[PDB]
Every structure is written in structure tokens, then in C-alpha cells.
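Counting with mature numbering (1 follows the signal peptide of the UniProt record, and there is no 0), you get residues 1 to 539, 542 to 553, 562 to 584, 608 to 800, 809 to 1317 for the letters of the sequence shown. Heads up, the beta-carbon is just placed ideally off N, CA and C, and yes, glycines get one too. Worksheet: the structure to be examined is printed underneath.
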Amino acid sequence: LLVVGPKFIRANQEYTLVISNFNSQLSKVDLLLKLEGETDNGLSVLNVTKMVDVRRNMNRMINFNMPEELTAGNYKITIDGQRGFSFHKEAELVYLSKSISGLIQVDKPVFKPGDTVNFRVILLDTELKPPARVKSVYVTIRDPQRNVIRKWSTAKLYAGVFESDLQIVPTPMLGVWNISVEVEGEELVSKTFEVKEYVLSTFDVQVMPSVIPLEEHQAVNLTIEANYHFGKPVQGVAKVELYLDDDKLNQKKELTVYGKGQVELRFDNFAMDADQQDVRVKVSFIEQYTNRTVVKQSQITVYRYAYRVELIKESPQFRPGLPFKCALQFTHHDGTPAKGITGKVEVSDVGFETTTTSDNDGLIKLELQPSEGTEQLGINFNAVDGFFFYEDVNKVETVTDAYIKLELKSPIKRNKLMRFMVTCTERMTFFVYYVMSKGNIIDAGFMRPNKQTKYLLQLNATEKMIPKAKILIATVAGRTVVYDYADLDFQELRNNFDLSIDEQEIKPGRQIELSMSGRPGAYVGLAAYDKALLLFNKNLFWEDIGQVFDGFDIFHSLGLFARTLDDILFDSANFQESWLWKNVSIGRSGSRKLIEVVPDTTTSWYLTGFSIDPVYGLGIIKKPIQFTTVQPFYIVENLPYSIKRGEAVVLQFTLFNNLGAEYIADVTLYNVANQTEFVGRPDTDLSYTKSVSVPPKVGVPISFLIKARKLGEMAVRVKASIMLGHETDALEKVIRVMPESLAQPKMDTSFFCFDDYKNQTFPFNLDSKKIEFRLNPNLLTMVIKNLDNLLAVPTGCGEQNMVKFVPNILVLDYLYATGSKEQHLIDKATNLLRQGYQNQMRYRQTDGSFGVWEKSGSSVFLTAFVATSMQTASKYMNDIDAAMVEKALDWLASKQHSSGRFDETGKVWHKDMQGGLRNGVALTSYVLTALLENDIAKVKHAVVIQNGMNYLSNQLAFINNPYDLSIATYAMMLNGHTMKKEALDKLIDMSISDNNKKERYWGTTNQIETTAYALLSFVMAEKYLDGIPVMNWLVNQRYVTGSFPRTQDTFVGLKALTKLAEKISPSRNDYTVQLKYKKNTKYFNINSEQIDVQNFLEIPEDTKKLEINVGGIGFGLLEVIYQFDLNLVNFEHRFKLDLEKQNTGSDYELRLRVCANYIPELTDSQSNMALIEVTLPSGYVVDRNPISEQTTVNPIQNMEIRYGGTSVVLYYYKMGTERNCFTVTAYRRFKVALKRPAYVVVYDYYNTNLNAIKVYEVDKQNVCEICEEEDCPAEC
Ligand SMILES: *[C@@H]1O[C@H](CO)[C@@H](O[C@@H]2O[C@H](CO)[C@@H](O)[C@H](O)[C@H]2NC(C)=O)[C@H](O)[C@H]1NC(C)=O
Ligand SMILES: *[C@@H]1O[C@H](CO)[C@@H](O)[C@H](O)[C@H]1NC(C)=O
Ligand SMILES: *[C@@H]1O[C@H](CO)[C@@H](O)[C@H](O)[C@H]1NC(C)=O
Ligand SMILES: *[C@@H]1O[C@H](CO)[C@@H](O)[C@H](O)[C@H]1NC(C)=O
Ligand SMILES: *[C@@H]1O[C@H](CO)[C@@H](O)[C@H](O)[C@H]1NC(C)=O
Ligand SMILES: *[C@@H]1O[C@H](CO)[C@@H](O)[C@H](O)[C@H]1NC(C)=O
Ligand SMILES: *[C@@H]1O[C@H](CO)[C@@H](O)[C@H](O)[C@H]1NC(C)=O
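Given below as C-alpha cells:
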């Protein structure tokens, strides 16, 4: 017996099991079949038991109809033999839930921080068409901590394809991410992608023979190449050591390498023993200024002959008895075919001997004929010049050595006859055939040849075979089963997509014509990967879709299982990038030719492309189109990130020439907008050109000596060209020109609100500096035109990093409230809200809470804030992990005391908020505030709230601190408490009033916050008019961006301001602003209250008084922004900072010892979350981990190396009197002369006034110590 059926079952699938009786002992065979099944629960699902007789020399096809109600578990078919026949074999069956399978394509395997992950999702049914059932999917992407960063709740498919993207933020969560698609609630497919940060001063060296060495050369030529992980070439010295005879030193050369270098190593006498001898070469690369060394060793092979030979076998093994063709490929050492090598090829095992010469294509073709008994084939080649080559060819792993071959003798048209040619070793009594389509046996048959070896098998192509089917033939020779498969693909009914390149060569930077043809109106999905990108990461989506295009067990591959008798056996006969993420339609007729620009870069490409027609299904190209591009010539910069005014700077560059010859290069550094003064040249010079000879495959330096003129951003503009201008390259890089001192701009603000036509005159005493006047028709115009960066301070902590999140909610809040017709803004804010969400997930802890730090530092304050913060944002973005919020609110709820009180579990970094020294009134009121602002949260946690509101009620007459009370009041105001009015009046009673200014604030330490909470409660209690003097103060405390100086104040402040201005600003703006100063009078007009992005500058020169006349109806802010360039000088206020530059014994290394401690006062003996910034003198750069000597009194909770290693930021928890110290290690990596001094700063985060700055000087170098001979002044 031969029992064969599918190995898979489906809900409503037929199961046709085909039994063949060739056993001739009996005249019939009686069989019992049981197909049992059991769910994962343990419930019995299947007990379909059938009995049948299979007569001699025929087939019986059995159908098992499957119950619609199948669920995954444990299934198997059992063919046990009844009556007089001893037979019992069984085979386990798998459940396939879906009639569809899916594919996730991603443009890269790994991503650098600021990248955009691109993905396609492809759904295909069992016919390789787009599923007519499924219209959309459910795609979510999770970060390395499983957080739901994005989500497509209803991702509509087009031609079974969903295309989308995801931006990885500036400072993201590193590791493995997880795209996962879901259909009808069941996960269909899942792909991972990685995110790694490629920083550090770590570099790689490679050594290779520039030309494959011959014995005849008596010399080794080398290419030495050292690049940083960044992609930039390394400058340094290469120490070369060559070893000809074992570990005995033969030679030592040294060369300065600028990324790429050539070295020649000559020998005295080198006679080899064989025709190939290895040579060990050690290279030691010493990084230019640090002296950091990387050693690379390699075995460089030397050869006797100028050619090598390989054997091009038609197949890896020969079938004994059948002609085995092959050839010898003669390859020149690196390159051509060896056209004309004479020799004799000898295969003794067939008795074949030929003396010939390699042809034009460099080949000698062997068409051997091994007989029935041939073990190995000894292909031996001996040449007239003595060259020797022998490689053995072995026979196919003969499980039988008696085969059956099936050959489809004509094209497979639908309905038309299918003709096949069966060839078999034995004279056949019988053969079986089976036909699979859509995972089940469609047709079978017991064919009986008349003791023949050949049979012309003729079958009708039925409709159940459309469009992809597969036929399988089997028979018995001896007591072993032999078989063969054949593909039955109706080409006339399938997607015949093809993609091609032009008949021209591919030049990097130039454009190429892509010619593709296929089904009209079909979807096409192009992608091009860097072949080097498919390195350690893929070694790849293409194989999966290649595998999905069609279909060593040739049954389990055909989707079947096979059983036979106990004595019968089975046979077995066997810089970088990402570009061209396009998707096009075949359209018009039968081909669409898209035209594209090849990236200007030295890289090996890999170009794929699939196609999906709604009718015709999937199409694919065979091998991905593959080429490489070598950019002829390019320049590479090596520039400091920041320089100061009046320092002399060497801008280094490196030219690479990849052309055949050595050509002179011109490099021209341009003076863009008076930015750049070339040292020793007339100031009116617009450019400066130098010219250098550049050898092939060698890096050559070229530098310019400059000093910066204007502050801000210096554009470093360079054009280059070799070979008379035939090959050009240019770069547009930027060095940032910093002031000498830590500059901080002040901004005085006035606001007007006129409902009825009103004239008024606002004076502005301006009392070195530069001034700018701004009129802004909305609180948020300055804010939104700054969103992505609102604060002058770093924000690398859980609380601070919310500036990327919260301000966006509030800007979205307002725009929807007022019903803004400026969708243009809403878009920016909504986009930034999402990226803000992702950024913040980095501060999620394991227990569901949020912490001040990435790894540690869990916090109650923060958890309340972040949790409820997100709950609000939910109405503006789909992507929020709804349960993740709930689980964060639940962590919070449990942390409450029995009184209803909340304490901060973990260190104190925001004192007024996290201080328990005042009944924890602050934190309690805050947490209650957070819960109350969300309708879901208010109901779900109502019991926790009720306990808190009572704790406040019992505390109300006891609260005597303005901060605490302001929130307690806000809580009650939101709550709708009975004692709300009381609370607010007790707050009002604490207010500082200045009637000679129309200002009202709430005092001591955290004024901006307290006052904001206060105003919120006002607007709540409809005290709008009384809120106007409150606002007047707040608006005047704003930072230049439109926000407030710090994090929290911004958050509560902007909230307060928008809230009042919602209820006080007139429905229509129609007014004129007259600006009188010095001599001039400027005029501004506002007539559309609508528009937000609406800028009104004017730069007053250093004048005296300033007089503004507002006339009409509307809202407005009159801002006057003083910006300061001051002298850099030491200052201390309630912090004591000290600097000491320890000795290193190297000019090219700075180590600075820094010491900072808080100066206490009265009850205040400890600071808030304190940061230290370290600025380096121009040219210096900090390494990977530049900090050492760290004190354990107060430990650095977080480090931030920003600004291309110019600045190190150091987050502490707090500072006491106990000295907190460390030591920075920087390296002078750029030539900068006349260096102006740097500084270190310590500050309290949430208290502006408490800070300390200390200046320090490094050896300020001179112009002569730095200039190249051409640019040098006479004094050298
Ligand atoms: C290429 O794929 C994109 C999906 O990114 C398809 O663009 C969508 O087209 C439909 C109409 O067919 C629109 O309703 C969507 O708004 C489009 N989405 C986007 C993001 O623009 C497009 O169908 C595909 N094919 C071609 C030829 O452009
Ligand atoms: C299944 O049903 C058949 C016939 O109805 C019976 O003979 C057999 O015992 C049953 N098997 C199981 C495992 O329940
Ligand atoms: C190796 O390079 C050196 C220097 O460029 C040259 O003298 C020699 O001809 C080269 N050898 C070969 C085999 O190209
Ligand atoms: C298949 O083709 C036609 C269907 O109309 C039929 O007449 C013929 O008998 C069939 N059989 C074979 C063996 O081709
Ligand atoms: C170039 O820069 C400075 C800007 O402070 C200015 O004083 C100087 O006159 C400028 N020169 C020209 C030609 O604009
Ligand atoms: C406002 O000022 C203008 C011009 O100075 C003056 O004519 C007028 O009295 C004022 N107008 C109103 C409507 O108050
Ligand atoms: C590196 O070696 C050079 C050799 O001149 C020396 O000047 C310098 O002091 C060394 N730097 C360090 C960091 O050891």
C-alpha cells in the first residue's frame, strides 16, 4: 500500500486521502480509517471513522468533509488494516486557522536614531490573489519594552497591500522593535526591526592587497583603510609589519594615512615551496591625536601563476549512467577569463583524456559519460607551464539508484489537454499520480504501463487546478518508492510581472531608466537595499515571498504525508543608505517605465520588486537586479561643531580620487554672507581656492585657515573638482558660532484686550545689547512657531522630557476649542504629539509607573502627570496604549494612604511638590487634580479621589503655604467641593498686589507655577475680570519662545493663559498698532483674528524710550526682546563651584576636576534637581565615557553628551553642602588658535536665581603653531 493525503486541515476544507494497492499477495485490501481530533481544552472534536476496500492494482479516493466547527488542538489520520491484512500506520495533521497568509516588508534591517522605518504589509489568499474577504488589517508597532508606540486600528488594504511609516525619535529606545499585523482578531504575521546608536570614538581598519601578489613580483602592494563607525575617514599613522618566514620580522614601513593609503613592501628573495604561500602582515593604526591604536592582522596569499582554476559543475553531484557535463573556468588574478591556457585534462574513471586550450571565454568544457558503476570522478588537469588542478566529483546519494523522471511535454493551457513524458529505470507495471491545488489533492490515478519504461500521460486541466497546481508521480522499484514533482502554473492566468535596466552603464549621480512590464493596473512595489546593509542583519524578506510564489521531503513540501509498508523505504534525489522605496502602477498598456536618480555614492546595490493584481494575483522578478556604483571623486569634511568669534580655525578636508590616473584637484571655500574671513587675505574676498595633486585610491588632505565673523550658523560651503572639472563634488556643512559668555535674553511683555474701540499708549523704557520688537496676535503664535524646541535648558529627565509632549496637548486643546480653520497648525501639533508620546515611553518602569530616569527613579508626582497627560492626548491620537494608562493609574491608586494622602516614594527633586514637610498637601492636591481631569479616570477611580478630597477638606484651614493651597483650591474647583469657595478666598487673601502696575501674583519660591494654578481656579470660578491683573504678571514672566523659563511653569502656565484668553478675547480682531521711536514711526495692522502663523518683527536700534499706540478692538501681545552679549565672568549664588585642570602630560588631552555643592540658608539646606553643564574650549571633544572620579555622596543620575561632544550635561537628584565632584576627559581634535576661554555651570533646575558659573582657560594657541605654509602671516 501507498497511503497519501494532505498534512493540513481547514475549517470548511475537503480532505481527499488517496490509497493505492500494488500489494499483489491479496486480491483486495480491507481498511479502517479513523480521523480523530481534540481541542487544546481537551474536548473531542473529530471521530470520523470509515471502512473501505481497495482492490488490487487500483486507487481509491476517500473524502473526509470537515466540520465548520474546528479549533486548534491535536489531529491525526490512522489507516489500520482489517480482515487478513496486517497493516497499521498513522500520521499527525496540523490545523491552519487562516485561508490567508501575510508578509511584512521593511526597507532596512537596522535603524540609526533619527530614521524613518518604512514597511509594507502584504495579504495573500490561497490563490495568491488579494483576499476578497479582508478589506483592512490591524498593525501595531512595539518598542523594545513592548509599549504600543504606533497603531493602525483600521489599516485599509489596496490590492492587498498596506503601506506606512514610523519615525524613530532623536533619542529613542534602543533594541528590538516588533511590527505585528492582526486579521479578524488573530495575528497573521510579525516582523522585527532593530535600533542601534552608532556613536563612540571607535574605528575599524582593513588591509588588502591592492593587486594580488605574484611570486614573480617579489613584492606585496597594500591598500590600508581606516574609517570610523560614523563613516568618516580616520587620520593617523599606520605601522606596517611583514612576515615572510613564520614569526620572523622581514620588514617595517610606516605611513601617514588619511583614511586610505598605499604601501609597497619589497622582498629580497622569496622562493615558495608550493604554488601558493601565505604571508602574515600586521598593521597597527594609531589615531592622530589620541594615540588610540587598533591592530589588524591578515594572511595575504602569494601565487606562482597568473591564473586560478575552478570547476563549473552542471550539478553538485553526478547521476551514474547519465551524461554529466561540466567545465573548467580559467580566471585571471582579479578579473578576466584566461583566454588561451594550454593543458591536458584527464578523467581516468571514464578513461577521458583531452589536450586543449582554454577558449575566448576562458573555459575547457568536459562532457563526461560515467557508467553504471562509477564511484568518483577524478578530473585531473596538468598544464604546459606546470599548473596543477584536481577536484573530485561524487555520485548522487543513491537511496535506490533507480529513478523516475516526469517531463511536462507542452504548455499548460486551461481546459486544454496536459501532456507529460514519464521516464523510468525499470520496465513499469504501474505508476501513481497525484494533483495538488490549494493544499488538497484535486486528482489522482493508478496508471498501468505495459511493462514499459516510457509513458505519455494525458490529463484534462480542470477548473480546480487554476491557477497554480502541482503534480506528483510515484512508483516502486525493488522495495523502495521513487517519485518526481512537476509545476503546473497557468501562465495565461497569472501575474507576469518583469523589471529591467537600460542597455547603458550605471553612473552614480546620473539617472537610470527602469523598464517594467506586467498586468495593466496592477500594484508594483519597488525597493532597493544596500548589499552591505543585507550583511550581518539579514544573512531578508525576498526569500519569504520567493517561497510564497510556489509551495528534504518532497511530500511535506508538496503539503502531503506519505505512508507505506514496513519493509518499503523512500527515495531522496535532491556611509550607507536606503533608496527607491517607490510603488507604481503598470497602467496604460502593458508596461510603465519609471525614471530615477542613482545616489552619488560608492555602494553595491540590490534592487527588488513585486506586483499584485486584484484579478491575476502575485507577480515577482526572479533574481533581484544587482549592480555597484563607484563615485569617481569626493571630498570629506572634518570640522569642529562649534567655534567662537575671533578664534583662528583650521578646516580640514580629504579628497578621494577613484579615477584611473592622478589629477590635480581644486577645492574652493566660499565666503557666504560675510561669515568667513580667510586668514591673511583681503576681507572682501568672496572665495579662496587651493589646488592639490590627488593620486588614485589615496586620501589627500586639504585645509583652510579661517576666523568667524558673525555669530549664529556659519555655512561652510566648498566646491571641488578634479580632471579639469569633469568630476565635481560639493558639500554644505555648518559650524555653529557661539558667543563667549552664557547668554540669556530677557523679554518684557504687555497685553491688551479691547472689546470696544479703545485708544491707549503703552510706554517701553529700554533703559552691549540688541533689541527686537514683536507684536503677536495670539498667546500661542510664538509657542507654535517654536513647539519642537521651547526651552533654553536641557530636558533629559522624566519630568522635563514632557516639553516634547504637554505643550502639544495644550496647543491642540486651544485650536479645537476656538474651532481653528488653520488645519496647517493642528497637523504640526498632532504630529509632534505622537513623537512626544514615543519619546516619553522611555521613562516607563516595569511596574507600570513612570520614573525621572530611563532605567530607575520611579516617581508618584511624575506617574500622576504622565499617566493623566496621556489620557487627555487620547482624543488627539489613536496610537495611545489605553491599558498602559489604566495600569499606570492603578499603580498610583495603590500608593495612597488611608487618610487620602499621597507621599513621594523616591528622592526629592522638586521640593515644593514632593515635600512631605507640609502634610503632603502639594502632592495630594496634584494627584487629585490629575485624576479629576479625565472622565474615564474620574469614574473608574472615584473611591480613591473621594478619600483625597476629604483629606484636603480636613486640612483646609491648616494649609498656610501659597503653593500648596493653589493646587488644593484647583483640586476642589475641579471636584466641585463644598469648601471650594472657602479655599479660593483663602488663596486670594495671600495674593501680592501691585496696583501701580495692574499685576497680581502668588509668591515665594515657585511663583510662576503657584500663580498659574491660582488663575486656573479663577477662570474656573468665572472671575475673569479679576484674572486680568493676574495674567498681566504671568505674560510678563514668559521666556522669549512664548513658553515659560522651565518645564512645569510652562505646563501649568500656558494652560492658565489660554484658559482665560478663551473667555476674555473678543470674537474679532480689528486694530492698528503704531510704533513711535527715535525718528521713525512703524505701523502694524491686524484684521483677521483667525490667522495664527502671522509674524510682525521690527529691529529697534539701541535707542531710549519706546511708545506704542494701540487703537481698536481685539487681543494682542506687545513683546520687546532684549538679547545680551555680555562679558564671561565668574558668578556664584547659593552654589559653590570650583574647577581644577589636572596634569595629563599631553597637550592633546584635557582633564578637568569639577566641584559643586549647595550653599544652604535657614530651613533651605538642599536644592532641587540640579544640573551641571561642561563646555569645552573650541576644538576639544569628549570621548565615549568622559566622566571619572565620580563622588558617591550624590551620584550623577544621568549623563548627556550633546553638541558633537562640546557639551556634557549632568543630572543630579539634588545638592547639599557635601561636595559633589567628577572629572571630565576631553581631547584636542581640531587645530584652533587664539582660543577664547570656556566655562562650567551648575544650577537648580526649577529655581532660576540659584546658579554658579566658573571660567577656565586652556593653552590659547597661536596662528604660527597651526597654519599651513601658504596661509601663514609674515611673523612666522
Ligand atoms: C502606492 O501606495 C500608496 C499607499 O501608500 C497608495 O496611495 C493611496 O491611494 C489611495 C487611492 O488609491 C488613496 O485613497 C490614499 O489616500 C493613498 N495613500 C497615500 C498615503 O497617499 C497608492 O494607491 C499606491 N499606488 C500608486 C500607483 O500610487
Ligand atoms: C467513534 O465512533 C465510532 C462509531 O460510531 C465508535 O466505534 C468509536 O468507539 C468512537 N471512538 C471514539 C474514540 O469515541
Ligand atoms: C605596486 O605599487 C608600486 C608603487 O605604486 C609600483 O612600483 C609597482 O609597480 C606595483 N606593482 C604591481 C604589481 O602593480
Ligand atoms: C478530456 O477532455 C474532453 C472534455 O470535453 C473529453 O471528451 C475527454 O474524453 C477527456 N479525457 C481525456 C483523457 O482527455
Ligand atoms: C562683516 O561683518 C561685520 C559684522 O559685525 C561688520 O562689522 C563688517 O563691516 C561686515 N563687512 C561687510 C563688508 O559687510
Ligand atoms: C484715537 O486717536 C486718534 C488719532 O490720534 C484720534 O483722532 C481719536 O480721538 C481717537 N479715536 C477714538 C475713536 O477714540
Ligand atoms: C600621543 O603621542 C604624541 C607624539 O608626539 C604626543 O605628543 C602626545 O603627548 C601623546 N598623547 C597622549 C594622549 O598620550
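Residue i and residue j closer than 8 Å at C-beta
{"i": "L627", "j": "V617", "result": "yes"}
{"i": "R742", "j": "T709", "result": "yes"}
{"i": "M465", "j": "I441", "result": "no"}
{"i": "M61", "j": "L32", "result": "no"}
{"i": "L1147", "j": "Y1118", "result": "yes"}
{"i": "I755", "j": "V731", "result": "no"}
{"i": "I619", "j": "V524", "result": "yes"}
{"i": "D502", "j": "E513", "result": "yes"}
{"i": "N1168", "j": "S809", "result": "no"}
{"i": "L874", "j": "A908", "result": "no"}
{"i": "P835", "j": "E1241", "result": "yes"}
{"i": "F490", "j": "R414", "result": "yes"}
Which of helix, strand or coil DSSP assigns to residue i
{"i": "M173", "result": "coil"}
{"i": "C1305", "result": "helix"}
{"i": "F906", "result": "helix"}
{"i": "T1019", "result": "coil"}
{"i": "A776", "result": "coil"}
{"i": "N995", "result": "helix"}
{"i": "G758", "result": "helix"}
{"i": "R83", "result": "coil"}
{"i": "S180", "result": "strand"}
{"i": "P796", "result": "strand"}
{"i": "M436", "result": "strand"}
{"i": "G1157", "result": "strand"}
Whole-number beta carbon distance between residue j and residue i, since they are thought to touch under 8 Å
{"i": "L820", "j": "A1102", "result": "6 Å"}
{"i": "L488", "j": "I412", "result": "5 Å"}
{"i": "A681", "j": "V1076", "result": "Rounded, the Cβ-Cβ distance is 45 Å, inconsistent with contact."}
{"i": "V749", "j": "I735", "result": "Incorrect: roughly 13 Å between the Cβ atoms, too far for contact."}
{"i": "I547", "j": "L103", "result": "6 Å"}
{"i": "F270", "j": "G236", "result": "Not really, about 29 Å apart at Cβ, beyond 8 Å."}
{"i": "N690", "j": "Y696", "result": "6 Å"}
{"i": "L851", "j": "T1099", "result": "6 Å"}
{"i": "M272", "j": "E215", "result": "6 Å"}
Task: contact_flag[the region 178 to 185, the region 876 to 896] where n(CB pairs < 8 Å) is 3 or more - done: no
- [ ] Pair every Cβ in the region 962 to 969 with every Cβ in the region 931 to 946, then say whether three or more of these pairs are closer than 8 Å.
- [x] yes
TODO: Decide yes or no for the touch test of the region 363 to 382 against the region 392 to 401: beta carbon pairs closer than 8 Å, at least 3 of them.
DONE: yes
Task: Under 5 Å, CB to nearest heavy atom of ligand 5: contacting residues - done: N707 and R742
Task: Nearest-residue set for ligand 6, Cβ under 6 Å from any heavy atom - done: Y790, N792 and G1152
TODO: Inspect the CB distances between the region 1106 to 1115 and the region 1125 to 1133 and report whether three or more fall short of 8 Å.
DONE: yes
Task: Under 7 Å, CB to nearest heavy atom of ligand 3: contacting residues - done: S210, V211, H217, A219, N221, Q262 and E264
- [ ] Would you be able to state if there are at least three C-beta pairs under 8 Å between the region 1278 to 1290 and the region 1207 to 1221?
- [x] yes
- [ ] Determine contact between the region 1219 to 1231 and the region 1258 to 1268, defined as no fewer than three beta-carbon pairs at a distance below 8 Å.
- [x] yes
Task: Beta carbon shell of ligand 1 at less than 5 Å from a heavy atom - done: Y158, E163, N616 and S618
Task: Residue list, Cβ distance to ligand 2 heavy atoms smaller than 7 Å - done: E36, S44, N47 and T49
Open item on the list: Would the region 711 to 720 count as touching the region 648 to 658 if we require 3 or more Cβ pairs under 8 Å?
Closed with: no
TODO: With ligand 4 as the reference, list in chain order each residue whose Cβ lies under 6 Å from any of its heavy atoms.
DONE: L417, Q458 and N460
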